[PDB]
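Asker: Attaching a single structure in structure tokens format; questions to follow.
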Amino acid sequence: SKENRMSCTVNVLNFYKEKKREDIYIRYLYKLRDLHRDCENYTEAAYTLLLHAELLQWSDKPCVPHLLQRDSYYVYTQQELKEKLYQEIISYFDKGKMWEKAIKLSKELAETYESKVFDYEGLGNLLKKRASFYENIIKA
Amino acid sequence: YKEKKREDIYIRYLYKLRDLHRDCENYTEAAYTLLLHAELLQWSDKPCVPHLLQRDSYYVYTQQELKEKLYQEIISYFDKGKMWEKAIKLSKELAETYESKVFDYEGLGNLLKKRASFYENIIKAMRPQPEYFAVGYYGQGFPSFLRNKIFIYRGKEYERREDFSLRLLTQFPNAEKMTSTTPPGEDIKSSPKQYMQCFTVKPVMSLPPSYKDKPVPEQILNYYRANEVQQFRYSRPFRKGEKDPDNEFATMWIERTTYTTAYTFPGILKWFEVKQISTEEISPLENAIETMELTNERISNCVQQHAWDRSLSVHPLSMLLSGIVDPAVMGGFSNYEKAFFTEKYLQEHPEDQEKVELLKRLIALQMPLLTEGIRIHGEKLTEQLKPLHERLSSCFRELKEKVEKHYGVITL
Amino acid sequence: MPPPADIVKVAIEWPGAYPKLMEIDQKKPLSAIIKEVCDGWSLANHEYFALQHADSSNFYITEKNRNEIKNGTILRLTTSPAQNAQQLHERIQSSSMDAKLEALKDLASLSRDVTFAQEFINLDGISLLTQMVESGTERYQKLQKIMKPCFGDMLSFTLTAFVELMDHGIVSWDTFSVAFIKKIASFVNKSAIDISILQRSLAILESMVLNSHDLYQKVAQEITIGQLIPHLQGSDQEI
């Protein structure tokens with residue numbers, strides 16, 4: 001089944017995590033989260049997407065074509081890829097009903113703003129999101 | 001009282017001050033007073049003392065309740081004060097105190113979303129830079145603490161030295177515009193009929209560590225060029241001796257004057273006695289060299305802040321280029337050859353020589369900065385800016401040969 | 001004192017973009033300096049802009065009263081008064097009552113100016129105001145059934161703006177019509193009307209009196225003693 005087939009994909013993902021063909025690993029991880037958003041469950045979506053971006057680092061310069069994806073081929077400045085994935089993961093938690101880790105990631109996003117990008121528009125929007133998170137939590 | 005550590009009447013007068021500033025409708029300093037009151041208090045969940053309360057309102061009041069109340073009106077002031085960095089900082093600590101101490105998440109959200117609003121105001125809103133005029137006091141009849149002292153005032157945001165003169169001198173019949181800005185008066189040090197002197201002085205920037213190496217927009221730069229400062233420069237010229245009217249830049253000495261004060265603007269009060277003085281002056285050689293160096297810094301910052309915005313301010317940057325070409329190609333460099341690239345510029349002093357090769361490497365760095373500006377303008381060109389671009393690029397090429405073969409500037 | 005720096009510290013403002021900070025020449029006409037203002041934010045088309053006296057005055061400062069600006073105020077830049085005026089009377093022709101409503105509110109806000117009054121003159125829209133007040137009270141009768149208070153506010157704003165334009169005197173004074181006194185009668189001979197429309201009608205009455213005589217005879221044929229005293233029954237000392 002779709003659940004069973006994604007489970008077996010995870011098992012072969014472990015097979016990678018030894019064999020570490022990290023490129024095809026990440027791509028089949030992508031397929032995994034694709035069928036997952038087909039299944040409308042956000043937990044491992046966010047988790048694995050992070051662990052992909054967790055492999056990434058807050059440095060700017062992109063080096064490894066492994067982590068360079070093949071969607072919209074440009075240099076893929078590492079931190080900006082990270083932050084992208086961060087906002088969609090925040091959206092996952094938005095529809096994921098759980099917000100603690102969302103705030104945990106939000107704070108990193110904000111401090112990265114004030115590290116390099118300085119986009120006070122994004123600062124503000126991320127902070128309205130954090131506020132939303134707090135009233136969600138109290139209103140659960 | 002602070003010296004005599006009588007905290008109680010201390011607080012009394014602090015609140016007198018907040019009312020006094022309110023009636024003066026001054027908000028930054030009122031907030032500042034409110035802080036230095038608050039910073040007595042700590043984040044202990046123990047209502048240790050009621051003595052610190054003003055007798056207006058009290059129930060059990062763990063100190064944190066009072067601290068957060070204080071912060072509420074303080075951030076209100078900093079808002080209406082239209083100055084923000086300290087506000088967002090206070091938001092940082094108020095938010096952490098909420099989240100890990102009282103868990104009042106509605107307040108968390110309220111203050112943090114207001115902090116975001118303040119961020120956007122920082123970017124979107126304009127910050128006028130108040131100018132700083134140095135006011136010496138000389139004459140017999142003053143209040144004792146106003147005698148033979150220099151008070152530099154953060155004047156109004158759009159207020160020029162003459163208008164400040166109006167304030168001080170309509171404030172003072174026996175008005176005197178004693179013009180010799182530099183020297184005091186020994187006669188007047190105990191003579192009545194009080195001597196004033198006033199003149200703008202220029203702030204020493206509040207260089208924030210670790211921000212020099214960043215994509216800092218102009219917003220941060222202005223905010224710190226006009227606030228939380230302590231030192232203020234003031235320059236005057238010297239010209240005596242070798243009287244060549246072509247380019248006097250061997251005896252165009254200038255006399256900058258900076259000062260150091262006990263505490264830091266903006267404070268609980270919008271002026272201060274001077275607590276230390278920087279008396280200084282330099283020979284025109286090093287002076288003009290530093291002018292060029294700071295100009296290189298100017299356009300370097302221009303291109304870096306410009307290296308990330310497409311529809312950034314175009315025309316004034318092009319005007320900086322125009323000043324680089326139209327007045328500076330002939331006049332701004334005629335000194336470079338005559339006043340510098342001549343033998344007299346060494347018979348001035350055999351002591352140092354990195355002078356002229358230093359300015360040569362500076363102009364060598366200068367030209368690629370203009371390549372950068374030229375091409376980014378090539379993105380910025382308007383219907384009329386192509387011919388201006390082409391003419392300045394023609395001048396740019398001829399200056400290539402002027403620096404490389406005429407100046408002898410080393411290519412690298 | 002009479003020479004300052006010809007450039008003077010008034011922060012300049014523009015919609016959307018930042019209010020810019022610089023000093024502005026008092027020795028350079030308000031077209032080159034307008035051009036530089038536009039190009040400051042990297043903008044163009046300076047020739048269709050107007051410097052508003054950005055307080056509640058909303059006036060459009062010319063080079064005569066350019067000298068009256070002092071340092072450090074707000075100066076918003078909306079399009080040239082000719083552009084605003086043509087647009088405004090264009091929205092006045094708009095059959096949609098809402099576009100006329102907004103244009104008319106702008107007109108009431110702006111007619112206090114004398115310069116804007118002059119451009120309004122040179123676009124000849126005063127004639128349009130004339131014929132529209134003198135016809136629309138009898139033309140829209142079907143929807144007037146509902147828009148009696150709507151036309152109340154429209155007449156009010158129209159006449160406030162009209163008297164603000166009219167009082168300056170440079171305007172001629174047969175700019176009324178027989179239909180002018182007709183709408184006067186539709187104010188003063190029917191039931192109670194809006195106070196402000198009545199105020200401005202009476203104001204035009206007295207100005208017309210100031211102008212000439214046979215005009216006063218004209219209004220005299222629509223003068224009854226027992227209509228003007230019901231305006232004493234209006235206990236407002238102003239009316």
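Following the order of the structure tokens, first chain is A, next is B, and so on, with residues numbered from 1 inside each chain and ligands from 1 in the order they appear.
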Env of range 250-258 of chain B: 6 Å cut, atoms = only C-alpha atoms, seq-sep filter 6 positions within chain, self excluded. Answer as a ChimeraX atom specification.
Answerer: /B:232-239,277-284
Asker: Keeping only N, CA and C atoms, write those residues as a CSV table (one decimal), in the first residue's frame.
Answerer:
chain,number,residue,atom,x,y,z
B,232,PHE,N,32.4,64.0,19.0
B,232,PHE,CA,31.9,64.9,18.0
B,232,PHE,C,33.1,65.8,17.4
B,233,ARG,N,33.3,65.6,16.1
B,233,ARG,CA,34.4,66.4,15.5
B,233,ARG,C,34.0,67.7,15.0
B,234,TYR,N,35.0,68.6,14.9
B,234,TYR,CA,34.8,70.0,14.3
B,234,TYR,C,36.1,70.4,13.7
B,235,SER,N,36.1,70.7,12.4
B,235,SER,CA,37.3,71.0,11.7
B,235,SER,C,37.3,72.4,11.2
B,236,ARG,N,38.5,73.0,11.2
B,236,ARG,CA,38.7,74.4,10.7
B,236,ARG,C,40.0,74.4,9.9
B,237,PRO,N,40.1,75.3,8.9
B,237,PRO,CA,41.3,75.3,8.0
B,237,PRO,C,42.5,76.2,8.5
B,238,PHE,N,43.6,75.9,8.0
B,238,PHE,CA,44.8,76.7,8.1
B,238,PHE,C,45.5,76.9,6.7
B,239,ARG,N,46.0,78.1,6.5
B,239,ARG,CA,46.6,78.4,5.2
B,239,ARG,C,47.6,79.5,5.4
B,277,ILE,N,38.4,66.5,25.5
B,277,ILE,CA,38.5,67.3,24.3
B,277,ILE,C,39.6,66.6,23.4
B,278,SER,N,39.3,66.6,22.1
B,278,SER,CA,40.3,66.2,21.1
B,278,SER,C,40.8,67.4,20.3
B,279,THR,N,41.9,68.0,20.7
B,279,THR,CA,42.5,69.1,20.0
B,279,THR,C,43.4,68.5,19.0
B,280,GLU,N,43.3,68.8,17.7
B,280,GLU,CA,44.0,68.1,16.7
B,280,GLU,C,44.1,69.0,15.4
B,281,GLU,N,45.1,68.6,14.6
B,281,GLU,CA,45.3,69.2,13.3
B,281,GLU,C,46.3,68.4,12.5
B,282,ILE,N,46.3,68.5,11.2
B,282,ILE,CA,47.2,67.7,10.3
B,282,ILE,C,47.6,68.6,9.1
B,283,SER,N,48.8,68.2,8.6
B,283,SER,CA,49.2,68.8,7.3
B,283,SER,C,48.3,68.5,6.2
B,284,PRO,N,48.2,69.3,5.2
B,284,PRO,CA,47.2,69.1,4.1
B,284,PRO,C,47.5,67.8,3.3
Asker: Could you list, as a PyMOL selection string, every residue of chain B that has an atom within 12 Å of an atom of chain A, counting only C-alpha atoms?
Answerer: chain B and resi 92+95+99+103-124+210-220+305+308-309
Asker: Store the residues of this selection in a file with C-alpha atoms, as a PDB file, in the first residue's frame.
Answerer:
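So the final result, stored in selection.pdb, reads:
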ATOM      1  CA  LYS B  92      13.894  41.029  23.318  1.00  0.00           C
ATOM      2  CA  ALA B  95       9.711  38.638  25.500  1.00  0.00           C
ATOM      3  CA  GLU B  99       8.187  33.154  27.769  1.00  0.00           C
ATOM      4  CA  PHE B 103       4.137  32.198  30.239  1.00  0.00           C
ATOM      5  CA  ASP B 104       1.643  34.954  29.405  1.00  0.00           C
ATOM      6  CA  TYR B 105       1.571  34.069  25.734  1.00  0.00           C
ATOM      7  CA  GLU B 106      -0.979  36.708  24.732  1.00  0.00           C
ATOM      8  CA  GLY B 107       1.508  39.329  25.873  1.00  0.00           C
ATOM      9  CA  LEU B 108       4.300  37.450  24.130  1.00  0.00           C
ATOM     10  CA  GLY B 109       2.416  37.730  20.875  1.00  0.00           C
ATOM     11  CA  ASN B 110       1.336  41.329  21.343  1.00  0.00           C
ATOM     12  CA  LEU B 111       4.796  42.675  22.033  1.00  0.00           C
ATOM     13  CA  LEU B 112       6.535  40.553  19.412  1.00  0.00           C
ATOM     14  CA  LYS B 113       4.156  41.517  16.628  1.00  0.00           C
ATOM     15  CA  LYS B 114       4.602  45.119  17.679  1.00  0.00           C
ATOM     16  CA  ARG B 115       8.352  44.509  17.480  1.00  0.00           C
ATOM     17  CA  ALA B 116       7.874  43.335  13.907  1.00  0.00           C
ATOM     18  CA  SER B 117       5.881  46.475  13.162  1.00  0.00           C
ATOM     19  CA  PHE B 118       8.761  48.473  14.581  1.00  0.00           C
ATOM     20  CA  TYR B 119      11.170  46.629  12.292  1.00  0.00           C
ATOM     21  CA  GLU B 120       9.159  47.610   9.235  1.00  0.00           C
ATOM     22  CA  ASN B 121       9.004  51.187  10.502  1.00  0.00           C
ATOM     23  CA  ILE B 122      12.792  51.133  10.828  1.00  0.00           C
ATOM     24  CA  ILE B 123      13.066  50.303   7.163  1.00  0.00           C
ATOM     25  CA  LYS B 124      10.118  52.259   5.797  1.00  0.00           C
ATOM     26  CA  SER B 210      30.680  42.704  13.478  1.00  0.00           C
ATOM     27  CA  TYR B 211      28.459  44.897  11.268  1.00  0.00           C
ATOM     28  CA  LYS B 212      31.242  46.197   9.008  1.00  0.00           C
ATOM     29  CA  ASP B 213      31.378  42.920   7.050  1.00  0.00           C
ATOM     30  CA  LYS B 214      27.688  42.634   6.192  1.00  0.00           C
ATOM     31  CA  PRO B 215      25.115  43.610   3.530  1.00  0.00           C
ATOM     32  CA  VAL B 216      24.108  46.444   5.852  1.00  0.00           C
ATOM     33  CA  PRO B 217      21.612  48.744   4.148  1.00  0.00           C
ATOM     34  CA  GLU B 218      21.769  52.511   4.566  1.00  0.00           C
ATOM     35  CA  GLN B 219      19.216  52.251   7.381  1.00  0.00           C
ATOM     36  CA  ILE B 220      21.664  50.798   9.906  1.00  0.00           C
ATOM     37  CA  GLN B 305      24.624  48.484  -0.761  1.00  0.00           C
ATOM     38  CA  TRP B 308      21.876  43.721  -4.031  1.00  0.00           C
ATOM     39  CA  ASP B 309      19.061  46.127  -5.050  1.00  0.00           C
TER      40      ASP B 309
END
Asker: If DSSP is run on the backbone, what residues of range 64-175 of chain C are alpha helix (DSSP H)? A reply as an MDAnalysis selection string would be ideal.
Answerer: chainID C and resid 81:93 97:110 115:122 125:139 141:166
Asker: Need to verify the contact set: range 65-75 of chain C, 8 Å, only C-alpha atoms, exclusion of same-chain residues closer than 2 positions in sequence. Can you return it as a PyMOL selection string?
Answerer: (chain B and resi 157-159) or (chain C and resi 8-13+26+51-55+61-63+77)
Asker: Out of B:370, B:126, B:376, B:198, which residue has the shortest atom-to-atom distance to chain C when counting only C-alpha atoms?
Answerer: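 Of all the options, B:126 lies closest to chain C.
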Asker: Using only C-alpha atoms, which protein or nucleic acid residues come within 9 Å of range 62-77 of chain A? Drop anything in the same chain fewer than 3 positions from it, and give the result as JSON, numbers by chain.
Answerer: {"A": [21, 22, 23, 24, 26, 27, 52, 53, 55, 56, 59, 80, 81, 82]}
Asker: Identify which of the residues B:63, B:302, B:380, B:2 lies closest to chain C, counting only C-alpha atoms when measuring atom-to-atom distances.
Answerer: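 Of all the options, B:380 lies closest to chain C.
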Asker: Using DSSP on the backbone, list every residue of range 169-257 of chain B that comes out as strand (DSSP E), and give them as a PyMOL selection string.
Answerer: chain B and resi 195-203+231-233+235-237+254-257
Asker: Keeping N, CA and C atoms, export the residues of the selection given above as a PDB file, in the first residue's frame.
Answerer:
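Output contents, as saved in out-v1.pdb:
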ATOM      1  N   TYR B 195      29.958  85.698  27.602  1.00  0.00           N
ATOM      2  CA  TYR B 195      30.328  85.284  26.245  1.00  0.00           C
ATOM      3  C   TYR B 195      29.764  83.903  25.926  1.00  0.00           C
ATOM      4  N   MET B 196      29.008  83.813  24.837  1.00  0.00           N
ATOM      5  CA  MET B 196      28.683  82.556  24.177  1.00  0.00           C
ATOM      6  C   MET B 196      29.525  82.341  22.932  1.00  0.00           C
ATOM      7  N   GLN B 197      29.548  81.086  22.498  1.00  0.00           N
ATOM      8  CA  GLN B 197      30.020  80.707  21.177  1.00  0.00           C
ATOM      9  C   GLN B 197      29.327  79.404  20.822  1.00  0.00           C
ATOM     10  N   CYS B 198      28.891  79.294  19.572  1.00  0.00           N
ATOM     11  CA  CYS B 198      28.138  78.127  19.148  1.00  0.00           C
ATOM     12  C   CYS B 198      28.524  77.784  17.723  1.00  0.00           C
ATOM     13  N   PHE B 199      28.604  76.490  17.443  1.00  0.00           N
ATOM     14  CA  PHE B 199      28.962  76.022  16.116  1.00  0.00           C
ATOM     15  C   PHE B 199      28.629  74.546  16.029  1.00  0.00           C
ATOM     16  N   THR B 200      28.201  74.114  14.851  1.00  0.00           N
ATOM     17  CA  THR B 200      27.901  72.706  14.652  1.00  0.00           C
ATOM     18  C   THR B 200      29.172  71.880  14.805  1.00  0.00           C
ATOM     19  N   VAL B 201      29.023  70.669  15.343  1.00  0.00           N
ATOM     20  CA  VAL B 201      30.106  69.700  15.409  1.00  0.00           C
ATOM     21  C   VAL B 201      29.585  68.371  14.886  1.00  0.00           C
ATOM     22  N   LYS B 202      30.510  67.513  14.485  1.00  0.00           N
ATOM     23  CA  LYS B 202      30.047  66.381  13.709  1.00  0.00           C
ATOM     24  C   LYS B 202      30.285  65.076  14.462  1.00  0.00           C
ATOM     25  N   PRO B 203      29.293  64.188  14.509  1.00  0.00           N
ATOM     26  CA  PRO B 203      29.369  63.035  15.413  1.00  0.00           C
ATOM     27  C   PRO B 203      30.368  61.983  14.966  1.00  0.00           C
ATOM     28  N   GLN B 231      31.432  61.124  20.787  1.00  0.00           N
ATOM     29  CA  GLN B 231      32.464  62.031  20.314  1.00  0.00           C
ATOM     30  C   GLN B 231      31.981  62.792  19.092  1.00  0.00           C
ATOM     31  N   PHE B 232      32.424  64.040  18.985  1.00  0.00           N
ATOM     32  CA  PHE B 232      31.917  64.950  17.969  1.00  0.00           C
ATOM     33  C   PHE B 232      33.072  65.769  17.425  1.00  0.00           C
ATOM     34  N   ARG B 233      33.344  65.639  16.133  1.00  0.00           N
ATOM     35  CA  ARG B 233      34.441  66.363  15.512  1.00  0.00           C
ATOM     36  C   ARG B 233      33.997  67.746  15.048  1.00  0.00           C
ATOM     37  N   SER B 235      36.055  70.696  12.394  1.00  0.00           N
ATOM     38  CA  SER B 235      37.270  70.995  11.655  1.00  0.00           C
ATOM     39  C   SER B 235      37.301  72.449  11.197  1.00  0.00           C
ATOM     40  N   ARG B 236      38.492  73.032  11.221  1.00  0.00           N
ATOM     41  CA  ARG B 236      38.729  74.372  10.712  1.00  0.00           C
ATOM     42  C   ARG B 236      40.010  74.369   9.892  1.00  0.00           C
ATOM     43  N   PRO B 237      40.146  75.292   8.944  1.00  0.00           N
ATOM     44  CA  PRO B 237      41.306  75.284   8.049  1.00  0.00           C
ATOM     45  C   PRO B 237      42.456  76.169   8.505  1.00  0.00           C
ATOM     46  N   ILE B 254      44.450  71.604   8.168  1.00  0.00           N
ATOM     47  CA  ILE B 254      43.137  71.774   8.768  1.00  0.00           C
ATOM     48  C   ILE B 254      43.221  71.356  10.224  1.00  0.00           C
ATOM     49  N   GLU B 255      42.324  71.915  11.025  1.00  0.00           N
ATOM     50  CA  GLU B 255      42.333  71.749  12.472  1.00  0.00           C
ATOM     51  C   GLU B 255      40.976  71.184  12.864  1.00  0.00           C
ATOM     52  N   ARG B 256      40.872  69.860  12.853  1.00  0.00           N
ATOM     53  CA  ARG B 256      39.704  69.215  13.415  1.00  0.00           C
ATOM     54  C   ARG B 256      39.724  69.337  14.933  1.00  0.00           C
ATOM     55  N   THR B 257      38.535  69.305  15.522  1.00  0.00           N
ATOM     56  CA  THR B 257      38.395  69.384  16.968  1.00  0.00           C
ATOM     57  C   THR B 257      37.294  68.433  17.390  1.00  0.00           C
TER      58      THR B 257
END
Asker: Find the residues in chain B near chain C: any atom within 12 Å counts, using only C-alpha atoms. Write them as a ChimeraX atom specification.
Answerer: /B:121-131,156-160,162-163,219,222,310-319,380-385
Asker: Would you mind listing what lies within 10 Å of residue 153 in chain C as a ChimeraX atom specification, with only C-alpha atoms counted and same-chain residues fewer than 3 positions away left out?
Answerer: /C:101,104-105,147-150,156-159,194,196-197
Asker: Measuring atom to atom with only C-alpha atoms, identify which of B:89, B:21, B:12, B:389 is nearest to residue 53 in chain B.
Answerer: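 So, comparing all the options, the nearest one is B:12.
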Asker: Excluding residue 172 in chain C and its own-chain neighbours fewer than 3 positions away, which residues fall within 12 Å of it when counting only C-alpha atoms? Please give them as a PyMOL selection string.
Answerer: chain C and resi 121+126-127+165-169+175-176+207-208+211-212
Asker: Residues as selected, N, CA, C and O atoms, written as a CSV table (one decimal), in the first residue's frame, can you do that?
Answerer:
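The new file result.csv reads:
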chain,number,residue,atom,x,y,z
C,121,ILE,N,-10.7,77.2,-13.5
C,121,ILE,CA,-11.3,78.1,-14.5
C,121,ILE,C,-10.8,77.8,-15.9
C,121,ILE,O,-11.6,77.7,-16.8
C,126,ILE,N,-16.3,75.0,-14.5
C,126,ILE,CA,-17.3,75.8,-13.7
C,126,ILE,C,-18.7,75.8,-14.5
C,126,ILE,O,-19.7,75.7,-13.9
C,127,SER,N,-18.6,75.9,-15.8
C,127,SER,CA,-19.8,75.8,-16.7
C,127,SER,C,-20.4,74.4,-16.4
C,127,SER,O,-21.6,74.3,-16.3
C,165,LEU,N,-14.4,78.7,-5.0
C,165,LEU,CA,-13.8,79.2,-6.3
C,165,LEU,C,-14.3,80.6,-6.6
C,165,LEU,O,-13.6,81.4,-7.0
C,166,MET,N,-15.6,80.8,-6.5
C,166,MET,CA,-16.3,82.0,-6.9
C,166,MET,C,-15.9,83.2,-6.2
C,166,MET,O,-15.6,84.3,-6.8
C,167,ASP,N,-15.7,83.1,-4.9
C,167,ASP,CA,-15.4,84.3,-4.1
C,167,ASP,C,-14.2,85.1,-4.4
C,167,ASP,O,-14.1,86.3,-4.1
C,168,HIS,N,-13.3,84.4,-5.2
C,168,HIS,CA,-12.0,85.1,-5.5
C,168,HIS,C,-12.1,86.3,-6.4
C,168,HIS,O,-11.2,87.1,-6.5
C,169,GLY,N,-13.3,86.5,-7.0
C,169,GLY,CA,-13.6,87.7,-7.7
C,169,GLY,C,-13.2,87.8,-9.1
C,169,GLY,O,-13.9,88.3,-10.0
C,175,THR,N,-22.1,84.1,-14.6
C,175,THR,CA,-21.9,82.7,-14.6
C,175,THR,C,-23.0,81.9,-14.0
C,175,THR,O,-22.9,80.7,-13.8
C,176,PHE,N,-24.1,82.6,-13.6
C,176,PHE,CA,-25.3,82.0,-13.2
C,176,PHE,C,-26.2,81.7,-14.4
C,176,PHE,O,-25.8,81.8,-15.6
C,207,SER,N,-23.3,87.4,-3.1
C,207,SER,CA,-22.2,87.8,-4.1
C,207,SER,C,-22.7,88.4,-5.3
C,207,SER,O,-22.3,89.5,-5.8
C,208,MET,N,-23.7,87.7,-5.9
C,208,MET,CA,-24.5,88.3,-7.0
C,208,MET,C,-25.0,89.7,-6.7
C,208,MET,O,-24.9,90.6,-7.6
C,211,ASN,N,-22.3,92.1,-7.2
C,211,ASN,CA,-21.9,92.3,-8.5
C,211,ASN,C,-22.6,93.4,-9.2
C,211,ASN,O,-22.0,94.4,-9.6
C,212,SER,N,-23.9,93.3,-9.4
C,212,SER,CA,-24.7,94.3,-10.1
C,212,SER,C,-26.1,94.3,-9.6
C,212,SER,O,-26.5,93.7,-8.6
Asker: Any idea what's packed within 12 Å of range 166-179 of chain B, counting only C-alpha atoms, ignoring anything in its chain fewer than 4 positions away? Could you give it as a PyMOL selection string?
Answerer: chain B and resi 133-142+151+153+155-156+159-162+183-185+188+192-199
Asker: I'd like the interatomic distance between CA of residue 84 in chain A and CA of residue 84 in chain B, to a tenth of an Å.
Answerer: 28.6 Å
